[PDB]
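So the chains spell out like this:
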Amino acid sequence: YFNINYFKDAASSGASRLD
Amino acid sequence: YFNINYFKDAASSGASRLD
Amino acid sequence: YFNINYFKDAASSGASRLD
Amino acid sequence: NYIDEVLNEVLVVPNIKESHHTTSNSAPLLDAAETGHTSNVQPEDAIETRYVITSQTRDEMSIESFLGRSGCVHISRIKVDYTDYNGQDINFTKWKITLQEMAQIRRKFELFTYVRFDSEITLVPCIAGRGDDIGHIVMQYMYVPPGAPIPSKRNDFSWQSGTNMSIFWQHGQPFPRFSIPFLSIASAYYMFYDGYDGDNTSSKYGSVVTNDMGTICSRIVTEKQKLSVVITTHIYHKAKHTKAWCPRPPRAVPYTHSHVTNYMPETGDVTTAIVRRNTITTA
Amino acid sequence: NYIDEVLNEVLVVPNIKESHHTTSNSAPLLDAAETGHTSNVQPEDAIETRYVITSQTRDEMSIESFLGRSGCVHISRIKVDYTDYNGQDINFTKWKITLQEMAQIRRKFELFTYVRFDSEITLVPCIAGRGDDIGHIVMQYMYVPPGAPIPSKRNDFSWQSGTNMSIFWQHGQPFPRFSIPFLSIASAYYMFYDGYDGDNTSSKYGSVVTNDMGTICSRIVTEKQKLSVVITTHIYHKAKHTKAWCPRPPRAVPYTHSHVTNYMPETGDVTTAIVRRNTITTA
Amino acid sequence: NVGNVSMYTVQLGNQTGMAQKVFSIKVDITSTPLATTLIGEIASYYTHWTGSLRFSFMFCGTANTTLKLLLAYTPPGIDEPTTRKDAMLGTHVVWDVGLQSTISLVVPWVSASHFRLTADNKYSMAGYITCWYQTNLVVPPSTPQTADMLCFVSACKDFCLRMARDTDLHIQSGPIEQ
Amino acid sequence: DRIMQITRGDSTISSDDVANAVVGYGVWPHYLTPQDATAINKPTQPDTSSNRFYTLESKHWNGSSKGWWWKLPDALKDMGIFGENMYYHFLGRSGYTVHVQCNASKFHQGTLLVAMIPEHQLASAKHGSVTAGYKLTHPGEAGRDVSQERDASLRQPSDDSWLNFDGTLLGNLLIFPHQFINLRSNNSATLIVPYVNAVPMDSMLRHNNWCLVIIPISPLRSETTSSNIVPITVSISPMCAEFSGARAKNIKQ
Amino acid sequence: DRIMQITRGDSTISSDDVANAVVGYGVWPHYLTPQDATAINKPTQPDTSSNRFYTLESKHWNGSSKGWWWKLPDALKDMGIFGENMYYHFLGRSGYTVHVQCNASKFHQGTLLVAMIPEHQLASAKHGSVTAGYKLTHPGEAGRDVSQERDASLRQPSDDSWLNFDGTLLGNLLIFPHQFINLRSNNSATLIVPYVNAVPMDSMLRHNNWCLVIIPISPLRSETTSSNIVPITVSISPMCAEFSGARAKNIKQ
Ligand SMILES: OC[C@H]1O[C@@](CO)(O[C@H]2O[C@H](CO)[C@@H](O)[C@H](O)[C@H]2O)[C@@H](O)[C@@H]1O
Ligand SMILES: OC[C@H]1O[C@@](CO)(O[C@H]2O[C@H](CO)[C@@H](O)[C@H](O)[C@H]2O)[C@@H](O)[C@@H]1O
C-alpha cells in the first residue's frame, strides 16, 4: 500500500523517499 | 486517489478543478 | 463508487434507480 | 494534470524576456486611458530587462480559492429553559439563510455582481455547561424551504420532517456537514439588485426582493434535563463549484443591516480606511 | 525498491576488504590536514584487515530521519475566566510561530545554515478539570498569516475565518493534525542570518529580520461554562520532505531567548558540556 | 481633501523655482494611498505579492497647455529622494505632455526574495516613486495655470499573489443589523 | 510621425512631438574593435548601470538669454557610476544621446540652435597667448555662460557667441551635427553621437571630445505673464561606455 | 607541487609554497542564471575593473594575539569600483578568493586556522536579547578583535573566540570551509568561495553572506629579537561580481 496521496496538495504526503 | 464521488448528487463533490 | 451492496439481502440497499 | 494540479502549476504567468534599447518612433508608454481601456505596457517595454523564467501560479488567484473557504455566517444560540418547555417561540431557533449577517465573507462576495455555486454547510455545536452535568443533549437542525410550517414552538408536527431535511447530532459524534445544490429560481444568486417588490411607494428594494431561500430551525430533541445549558451552534459556509460575473469595487465603509447598502452611521462621521498625509511630498 | 526500502537497505556502507603487508614507498597514512581537506585512510590501509561483508544502512542517517520527528515547540495555555469573558487580550492565545522557543529541536536544526521543508503540525489539547464537570469544550485554532486582524479579544470578527484557516476540535474527537507548504518568500528557511533591518544603529539583526511567518490564535468557542478549566494545547512539529545546506558545529552552550545566538548567562560562568581531567596521561 | 473626491487629483501648479518636486508615494502596495485601490484592497487578502506594476498618469490639463514631468522609481535601499538629480539616477521616465495624454510608468521588480510580503515589513520594502518637473507648465494666454493629473495603477503580467488571508482594510466594528 | 520613444537604461524618455533625430556623421555609437585598439587590458563595460539617461540642471530661457554650453566628458563628472568609472580609470571612451527638452505654448515664438562639436578649442576673451583655464572649461552639470559675469583674472574663455567662442561665424556652425527647437513645430532636439578622436580611448579628464552648444537665435516672445518661465532641460546618456586603466582614483576639482 | 599562481585582475599573486587551495562546498563561483533569478533588470557586471585582487590592512601576529575577523561584503566597502557599485545598487551578488599570506622563518613555530562561514550571526558579550550593533559588525578593511578593548555600552559582540563568537566549540569550526597556516610547511591559505544565500542577490549593505576568521591555534614561538615582527596580510578578489537596482547612492558609515 502506497502512493495514494489521499490529499491534493503535495505538502501533504508522507516522509519523502530516499535515493 | 480521486474522482470517487462517493455521493450520487453533483452538488456534493470536491472543489472543482481548474482549466 | 457504486453497486457495492456491502450487505447480502436486497432489502438493504440504496434508494433504487430510475428508468 | 496531476503534477500540474498537485504541484499547483495550472495557471502560470509568463516570463520576462530580455530587452535592448530603443531609439524608436512608436512609444508604447503613451496611451489615452480615457478610452476606458487598460494599458498594455510591460517591463520589457520601459526598461532594459533581462531574462527571468517565472514559476508563479495564479492558482490560488481563482474565484475558487478566493471564494472556497468556510466562514461563520451565523451563530445560532439557545439559552435553554426547563421551567417552561415548549411555550411559544422557545428553546428552538429559526434563522433565515443569508451570507450577509456577517461582514467578513459578505465582504468578499460583494466583490462581484452575480455569483453561483453549490454550498457546503458545516455545523459546529458547542455545549456550555451551566449545570453540574450536561447529560446527553441530542440535536435537530431542520431546513425549512420557503412556504412551509415553521415551528411555532419546539414540538410542532413539523419536526417530523416527513419530507424535509433534519440533520441530527449527538454529543461526541462529530460535526455535522452536508452539501446543498444551487438553490435559485434564477440562473445565478443575485449578490445585488436594482429592483423592487412593486410600484407601491412602500415596496421593498434590494437583494431581498429576490433571495428568500427559506430558513433553518434548530431544536434540542432530548426533552427536559436537570442541570441547564446553553447551546451555540455555529454555522460555517463554503462555496464549491463557484462562478462569478461582473466584478465590483470592494466595500470600504463598515455596513449595518443586510440586504442593503446603507452606510450612514448612527451619528459618527462615515469612516473609511484611507489614512491622512501631512504632505504629498514625503511618503 | 520495496525490499530495499522495507528492509531499509537503501544507503549501504562498503565492506572491509582483505589486506596484506606493505613494505612500500607511498605512505597513505601521511597527509597534510592543513589543506583543510579530509584524510582518506582506511582500515585496509593501516592494518592487515580481513574480509567483512557489511550490512548497515545509513538510512536512519538521513536528513529526513534526523529531522522528520515531531517535537514540542510550544505549549499554548489558557487559564479560563468566567468572570470577564471577552475583555481585551483574554481567554484567547496568540503565538508567533518559530522553531526556537524550545531547545531540544531548535538545537537539531541549527546544525545547518539553511533548511527547507513542508511542516506537519499536530495539536494535543489537554483539558484540566478544575471544576466538578468540564462539559463540552469546543476549540478553535486559527492561523493568522502576516498582516492580518489578530483578535483583540476572544470574539473579534476575525474568528469568522472567511478566508483563513481555523481547525476545530471537540473533546473526544482525536488530535487535530494538518500539513503546511513551505512558507517563505525565499527559496529556503533561514536557520541563521547576518543581516539587519537597516542602517539604523537601532535596527534588528538576526533570524528574525527574515522570518516573520504569522501567528496562531487559540479560542475556546463554547461560551461561558459553570465549572472552570484550564486548557493546555501542546504544539508538536515535524519536518517532512526536508533539505539542508551547509552544516554547522552543534551548540554547546544553553541558549536564552530566540532569534539570537547570545549565551552570556545571568551571572553564572558560561557552562559547556566538556568535563575536566586530572591528567592527560590516564583516561 | 481626503473625505472628498479631490483626494484623487494632483494639481500641477506654478512653480517659481525650477526643477521642483510634485509628489511621492511608496510602492508597498498595501500602503495608503495605494491600499484602498482595487489592487491594494485585494492584495490585502493574501500574505505575499510579486512582479512588476504599472503606474499611469493622465493630464486633465488643457489642449493649448504644455508640460513635461519626470517620474521615478527609487528602488528599495535608501531614502525617498529629497532632490530630482538624486532620484533621476535610478529608474525613471520623462513624460512629454502632448496630444497623447497618458504616460504609463513601469515599476520593474527589484527584490532579493523572489517574493515580498503584503504586510508592512522593513525587509520587503518595495521603495518609492516620485514625480518632478522636467520643464514647466506653459500656457498661452487666458488659460488657467494650474491643472490636474489623475493617477492610476493596474498590474503587469508579471504579477501574482499567494497565501490567502483575511483583509486589513476592513474592520467590522459592528455588528450588522436587520 | 513625430512622436518618439527612447530607452537607455532603467530610464526612458518620451516626446509627443519632434524633429526627427540625428546621428552624428551618420555613424552609430558602438564599442571598440581589436583592430583600431591599442591598450592591452580588458576594458570594464558597465552596461545599463552606466550608459543610461542622466538629466542635468535646468535653465531659464530669457529675452536676455545669450546662450549656454556643456562639455560632455565633463558634464557627467558626477553622474553615478559612469562618473566614478571616470575617475578610477585612465582610459575612457563613450558615445552619447542628447535629449534637449524646451516646451512652452503654441502662443510662444522662439528658436534654439543645438549643436555638438568635435574638439571645441575655445578662445580667451583676453588678447594674448593665454589659453582658457581648466577649471572653467570644466563646469559640470551646470554648464557655462547664460550671460554671466566673472573675474577677468581668470584665463577665461569667450562668453562671445556669434564668433562661436572659437571665432568662426556662428551660422557656419550648421556644419557640426545639429538641429533647432522652433517652438512652433518642435519640442525637443535629439542628437546621438559616436566617439570621434585620433585615439581609440582618451583621458576622460584631460580631454573633452564632445562639446554641446545651445543658442537662442530668435528670441523668446510671448505676451504672457513673466510668471511663465520656459526652462530648457538637457538629458544625456553615455552609450557603449568602455573604460580601462584601473587604479587608485583621481580627485574632484 | 606546492607553488601557486593566481591571476584575477590587472593583479596577480604568487606563492612559492602552499597547502593546496580550497573551493567552498566544491562549487566554483559564477554568474547568476535566468532560472534561479528573480529581479528583472539587466545586472551591471564590471569585469576585471571590479573583480580583482584587493589587499586589506595588515596585522601583527602576537604571542598575545587572540584572533581577528573580517566580514566580506563589508571588508571592501571602500575598495574602488566594486565598493562603489555596492553603494549605487540595491542588489549585489559576488563570490571571492581569499589569499592569506603570513611568512616568518623555518625557525619559527606557529599555527593559524583560517575559515569562511556562511551566515555568521555573532553573539553579544552581554546577556540579554540585545543583538550586536551594525556599526560594529561593519568594521571594513581593518577587521575586528585583535584582542582589543572597547565600550561596553555598545551592543558589542563577543570578542570570545573558543565559542566561535557564536557559541559553538571552535574546533567543530572545521566544518566550515578552511585550512591552516602551519609555519613549518605552509606560507599562505587559499579559500575560493561561491555565493551562498537563500536569495539570488542580496543587499550588499545589510547582509554580509561570508564571514572570515583567522585564529592562532598554536602560539607564535621564535627565539629571535622581538624586532622581528611577523605580520598577517589578507588579499581578496570579488569574482563574478554582478550588481543591479541602480539609483541614487547610499551613504558611508
Ligand atoms: O440568504 C443568504 C443571502 O446572501 C445571498 C447574497 O446576497 O446569496 C446566497 O447565498 C447563500 C449562502 O448561505 C444561500 O444560502 C442563499 O440562500 C443565497 O441567496 C442572498 O440572496 C441571501 O439573501
Ligand atoms: O517561526 C519559527 C522560527 O524558526 C525558523 C528557524 O529560525 O524557521 C522556521 O520553521 C518553522 C516551523 O515551526 C516555520 O513555522 C517558520 O515559520 C520558519 O521560519 C525561523 O525563521 C522562525 O523565526
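Cut-off values and rules
- Residues numbered from 1 in each chain as written, not as in the entry; some residues may be left out.
- Chains lettered and ligands numbered in written order.
- Part of a larger assembly, values for the part shown.
- Heavy atoms only, no water.
- Helix = DSSP H or I, 4+ residues; strand = E, 2+ residues; numbered from the N terminus.
- Contact = heavy atoms within 4.5 Å.
- Areas by Shrake-Rupley, 256 points an atom, 1.4 Å probe, with all protein chains shown as cover.
- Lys, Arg positive; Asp, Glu negative; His and termini not counted.
- Charge placed at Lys NZ, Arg CZ, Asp CG, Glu CD.
- Rg over C-alpha atoms; globule rule 2.2 N^0.38 Å.
- Buried < 20%, exposed > 50% of the residue type's maximum accessible area, 1.4 Å probe, protein only.
- Near = heavy atom within 4 Å.
- Polar contact = N/O pair within 3.5 Å; in protein donor to acceptor, adjacent residues only side chain to side chain.
- 1 Å grid on protein atoms, 1.4 Å probe; cavity = no way out; pocket = protein on both sides within 12 Å on 5 of 7 lines; lining within 4 Å.
- Sits in = over half its atoms within 2 Å of the grid points.
- Nonpolar A, V, L, I, M, F, W, Y, C, P; charged D, E, K, R; others polar.
- Points joined across faces, edges and corners; volume = space filled by probe spheres on them.
- Patch = residues over 30% accessible without salt bridge, like charges linked within 9 Å, V, L, I, M, F, W, Y side chains within 5 Å.
- Salt bridge = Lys/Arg side-chain N within 4 Å of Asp/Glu carboxyl O.
- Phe/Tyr/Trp six-rings, centres within 6.5 Å; stacked < 30°, edge-to-face > 60°.
- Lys NZ or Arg CZ within 6 Å of the ring centre and 35° of its normal.
- Pairing = 2+ DSSP bridges.
- Buried area = accessible area lost by both parts, 1.4 Å probe.
- Axes fitted to C-alpha atoms, helices over the stretch in contact; angles between N-to-C directions.

Method of determination, as given in the entry header: X-ray crystallography; reported resolution: 3.2 Å.

Enquirer: How would you sum up the overall build of chain F? Please name residues and give values.
Expert: Helix and strand counts for chain F stand at two helices and eleven strands. Secondary structure elements of chain F, listed N to C terminal, follow the sequence β-β-α-β-β-β-α-β-β-β-β-β-β. With the principal axes as the frame, chain F shows a C-alpha extent of 55 × 50 × 30 Å. Considering only residue pairs separated by 6 or more positions, chain F has 85% of its internal contacts joining residues 24 or more positions apart. Element-wise, carbon and sulfur atoms account for 52% of the exposed surface of chain F, whose accessible area totals about 5800 Å². A gap of 10 Å separates the mean positions of the 11 positive and 12 negative side-chain charges of chain F.

Enquirer: Could you give me a rundown of the overall build of chain G, with the residues and numbers involved?
Expert: Scanning chain G from terminus to terminus reveals two helices and 15 strands. Computed over C-alpha atoms, the radius of gyration of chain G comes to 18 Å, within 12% of the 18 Å expected from 2.2 N^0.38 for 253 residues, which places it in the range of a compact globule. Expressed along its principal axes, the backbone C-alpha trace of chain G runs to roughly 60 × 50 × 30 Å. Looking at chain G as a whole, 59% of its 253 residues are labelled buried. Contacts in chain G between residues far apart in sequence, at least 24 positions, make up 82% of those at least 6 positions apart. Accessible area of chain G: about 10600 Å², with a carbon and sulfur share of 51%. Counting 21 positive and 21 negative side-chain charges, chain G places the averaged centre of each group 3 Å from the other.

Enquirer: Account for the site of ligand 2, with residues named and values stated.
Expert: All names here are of chain E. Every residue lining ligand 2 is accounted for by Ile97, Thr98, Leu99, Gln100, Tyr189, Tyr190, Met191, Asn211, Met213, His237 and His259. At a separation of 2.7 Å, an oxygen atom of ligand 2 approaches a polar backbone atom of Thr98. Between an oxygen atom of ligand 2 and a main-chain N or O atom of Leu99, the distance comes to 3.0 Å. Isolated, ligand 2 exposes 450 Å² of accessible area, and the fraction of that covered by the protein chains is 97%. The site holding ligand 2 turns out to be the largest cavity. Classifying every residue of the shell around ligand 2 gives six nonpolar, five polar and no charged.

Enquirer: Explain the site of ligand 1 to me, and be specific about the residues and the numbers.
Expert: Residues and elements named next belong to chain D. As a matter of local geometry, ligand 1 sits amid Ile97, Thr98, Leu99, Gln100, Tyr189, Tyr190, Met191, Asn211, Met213, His237 and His259. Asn211 is positioned with one of its side-chain polar atoms (N or O) 2.3 Å from an oxygen atom of ligand 1. When ligand 1 sits alone it has 450 Å² of accessible area, and the protein chains cover 97% of it. The pocket occupied by ligand 1, as judged from atoms lying within 2 Å of grid points, is the second largest cavity. A class-by-class count of the residues in the shell around ligand 1 yields six nonpolar, five polar and no charged.

Enquirer: An account of empty space enclosed by the protein is requested, with residue identities and associated values reported.
Expert: It is the rolling of a water-molecule-sized probe over the atoms that shows where space remains empty. Counted by the stated rule, this structure contains 14 cavities of 30 Å³ or more. For the largest cavity, the calculated volume is near 640 Å³. Taken together, 38 residues make up the lining of the largest cavity; nearest its centre are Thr98, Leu99, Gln100, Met191 and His259 of chain E. Listed by contribution, the elements that provide at least two residues to the lining of the largest cavity are α4 (103–109), β3 (112–129), β7 (189–190) and β9 (229–247) of chain E. Its residues assigned to classes, the lining of the largest cavity comprises 22 nonpolar, eleven polar and five charged. In this structure, the second largest cavity encloses a volume near 490 Å³. Together, 26 residues line the second largest cavity, and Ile97, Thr98, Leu99, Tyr189 and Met213 of chain D are the ones closest to its centre. For the lining of the second largest cavity, the elements supplying multiple residues, two or more each, are α4 (103–109), β4 (112–129), β7 (177–180), β8 (189–190) and β10 (229–247) of chain D. Among the elements that make up the lining of the second largest cavity, the one with the highest residue count is β4 of chain D (three residues). Taken together, the residues of the lining of the second largest cavity sort by class into 17 nonpolar, seven polar and two charged.

Enquirer: Give me the lowdown on a nonpolar patch on the surface, citing residues and values where you can.
Expert: A surface patch of nonpolar side chains, about 1400 Å² in accessible area, is lined by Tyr1, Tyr6 and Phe7 of chain A, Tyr1, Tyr6 and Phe7 of chain B together with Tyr1, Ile4, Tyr6 and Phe7 of chain C. In this structure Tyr6 of chain C comes out as exposed when scored by relative accessible area, which is 65%.

Enquirer: Could you give an account of the packing of aromatic side chains, naming the residues involved and the relevant values?
Expert: All chains considered together, the criterion is met by 30 aromatic pairs over all chains. Relative to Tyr190 of chain E, the ring of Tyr114 of chain E lies with its centre 5.6 Å away and its plane at 65°, an arrangement referred to as edge-to-face. Residue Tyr114 of chain E is found in strand β3, and its partner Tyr190 of chain E is found in strand β7; the two are separated by 76 residues along the sequence. The class for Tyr114 of chain E is buried, based on a relative accessible area of 4%. Take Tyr190 of chain E: its relative accessible area is 4%, and that puts it in the buried class. Ring geometry for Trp49 of chain F against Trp109 of chain F: centres 5.3 Å apart, planes inclined by 90°, an arrangement best described as edge-to-face. In this pair, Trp49 of chain F sits in strand β3 (residues 46–50) while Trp109 of chain F sits in the loop between β7 (102–107) and β8 (116–117), placing the two residues 60 residues apart along the sequence. Looking at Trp109 of chain F, the relative accessible area reads 2%, which means it is buried. Above the ring of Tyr85 of chain D, the side-chain terminus of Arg154 of chain D is found at 4.3 Å from the ring centroid. In this arrangement the basic side chain of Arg248 of chain E is found over the ring face of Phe192 of chain E, its NZ or CZ atom lying 4.0 Å from the centre.

Enquirer: So, the pairing of strand β5 (residues 139–144) of chain D: which residues are in play, and what are the values?
Expert: As a general feature of sheets, a regular strand has side chains that alternate between the two faces. Residues and elements named next belong to chain D. For β5, the tally of buried residues reaches six of six residues, placing the bulk of the element in the interior. Residues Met139, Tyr141 and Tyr143 line one face of β5 and the alternating positions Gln140, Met142 and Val144 line the opposite face, and both faces are buried. Pairing of β5 with strand β9 (residues 215–219) involves five bridges; the strand directions are antiparallel. In the sheet register, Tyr141 faces β9, and the bridge partner there is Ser218.

Enquirer: Quick rundown of the interface of chain E and chain H? Include the residues and the values.
Expert: Taken together, the 45 residues of chain E in the interface contact 57 residues of chain H. The contact between chain E and chain H buries some 4300 Å² in all, and 53% of this surface belongs to carbon and sulfur atoms. By the criterion of area lost to chain H, the three top residues of chain E are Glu34, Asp194 and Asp199 of chain E, representing 17% of everything that side buries. Taken together, chain E and chain H are joined by one salt bridge. For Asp194 of chain E, the salt bridge identified is with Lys71 of chain H, shortest N-O distance 2.9 Å. The interface formed by chain E and chain H contains 30 residue pairs in polar contact.

Enquirer: Give a description of the sheet that holds strand β4 (residues 53–59) of chain F that names residues and reports values.
Expert: All names here are of chain F. If you trace the four strands from one edge of the open sheet to the other, you get β1-β10-β4-β7, paired in antiparallel fashion. One side of each edge strand has no neighbouring strand; the edge strands of this open sheet are β1 (9–12) and β7. Each adjacent strand pair in this sheet contributes to an overall mean axis angle of 30°, direction not counted.

Enquirer: Would you mind going over the pattern of salt bridges in detail, with residue names and values included?
Expert: Overall, the coordinates contain 48 salt bridges over all chains when judged by the stated rule. Across the pair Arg52 of chain G and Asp10 of chain G runs a salt bridge whose closest N-O atoms are separated by 2.9 Å. Taken together, the residues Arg52 of chain G in the loop between β3 (22–23) and β4 (54–55) and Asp10 of chain G in the loop between β1 (4–7) and β2 (11–15) connect sequence positions 42 residues apart. According to the relative accessible area criterion, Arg52 of chain G is buried, its value standing at 1%. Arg93 of chain H is the partner of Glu242 of chain H in a salt bridge, and the nearest nitrogen-oxygen pair spans 3.8 Å. Taken together, the positions of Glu242 of chain H in strand β15 (residues 239–246) and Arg93 of chain H in strand β7 (residues 89–101) put the pair 149 residues apart, joining distant regions of the chain.

Enquirer: Before we move on, could you go through the sheet that holds strand β3 (residues 93–96) of chain D and cite the residues and values that matter?
Expert: Residues and elements named next belong to chain D. Strand order in this open sheet of four strands is β3-β9-β5-β6, and the pairing throughout is antiparallel. Each of the sheet's edge strands pairs with one partner strand only, and the pair in question is β3 and β6 (165–169). Geometrically, the sheet is characterised by an average inter-axis angle of 20° between neighbouring strands, direction not taken into account.

Enquirer: Describe in detail the pairing of strand β5 (residues 66–74) of chain F, supporting the description with residues and values.
Expert: Residue and element names in this part refer to chain F. Taking burial as the measure, the nine residues of β5 include nine buried ones, the bulk of the element. Along β5, one buried face is formed by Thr66, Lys68, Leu70, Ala72 and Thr74 and the opposite face, lined by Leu67, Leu69, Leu71 and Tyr73, is buried too. Direction of pairing for β5 relative to strand β9 (residues 128–138): antiparallel, over a ladder of eight bridges. What sits directly across from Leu67, in β9, is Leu137. Pairing analysis gives six bridges linking β5 to strand β6 (residues 91–96), with the strands arranged antiparallel. Within β6, the residue paired with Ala72 across the bridge is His92.

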